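Coming up is one lone chain in structure tokens, specifically the form deposited in one PDB entry.
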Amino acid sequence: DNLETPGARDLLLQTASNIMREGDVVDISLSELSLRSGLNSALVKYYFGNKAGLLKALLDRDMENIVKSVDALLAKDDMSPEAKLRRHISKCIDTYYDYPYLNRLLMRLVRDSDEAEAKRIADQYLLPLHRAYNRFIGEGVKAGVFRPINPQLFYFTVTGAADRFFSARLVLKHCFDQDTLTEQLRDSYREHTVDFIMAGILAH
């Protein structure tokens, strides 16, 4: 077997993430990955096998943020449903701002999956969220905090923010020679996007 090299796998995934965010497309040059990480292609193969394996590992890493935020959403505490939902949605929106390719990446892996892989994706990344929303949103509707709404469709709507961010960055760049989705714009983008989502579900 092989001696461990800590940090390398994480560096490769973060490098891949950077390249993908910059390029406004769900794809990676493997030579660009080695160039920008400083790690050779043998290490890329060792950790991930091939481009497919790299993309699957990136999806898993980036989804962890969304899936983890469910526990806080469902956990027992003092917070109102509205505040709990807002905290969860902000975490989603901040994750999408970091990783605007995230929904497209998930779609690409779903599209190319065999049946076992589609089931894995649903079990790991879709069903946990749909269940959580069915419970949490259901209770909030009953409690009068949220207007009647399909919790599964609501989750779909939320995931849409990634694609909107992706779209804005690509269009502003190519059509307007502007760089949007910058760090300096993060707070305003996040707050507007969270406010819109919350406005769309709260009983007015």
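Residues that one form lacks are left out of the comparison. We call the rigid core whatever largest set of C-alpha positions still superposes within 1.5 Å between the two forms. Numbers for residues come from their place in the sequence shown, where the first is 1.
Legend: mean Cα B-factor per stretch from the PDB entry, 74 to 82 versus 123 to 131; the higher mean is in 74 to 82. When 180 to 188 is weighed against 10 to 18, 180 to 188 comes out higher, by mean CA B-factor as recorded in the entry. Ranked by Cα temperature factor within the chain, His174 sits in the highest third according to the deposited record.
In the PDB entry, a CA B factor belonging to the highest third of its chain's modelled residues is recorded for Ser69. The PDB entry assigns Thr157 a C-alpha temperature factor belonging to the lowest third of its chain's modelled residues. Split the chain's modelled residues into thirds by C-alpha temperature factor. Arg164 is in the middle one.
Residue-level temperature factors show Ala203 in the highest third of its chain, judged at the C-alpha atom.
The next section is about a form of this same protein that is not shown, the form deposited in another entry.
Here the rigid core is superposed between this form and the one not shown, and of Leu39, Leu170, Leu59, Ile28 the C-alpha of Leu170 is the only one to shift by 2 Å or more.
Once both forms are fitted on their core, a CA shift of 2 Å or more is seen for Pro128 between this form and the one not shown.
With the core held fixed, the Cα of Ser188 is displaced between this form and the one not shown by 2 Å or more. Compared with the form shown here, the C-alpha atoms of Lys56 and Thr180 sit at least 3 Å farther apart in the other form. Compared with the form shown here, the Cα atoms of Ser90 and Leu170 move at least 3 Å closer together in the other form. In a core-based superposition, a mobile segment is defined as at least three consecutive common residues whose CA atoms each shift by 2 Å or more; between this form and the one not shown, such segments span 113 to 115, 122 to 130, 161 to 163, 165 to 167, 169 to 196.
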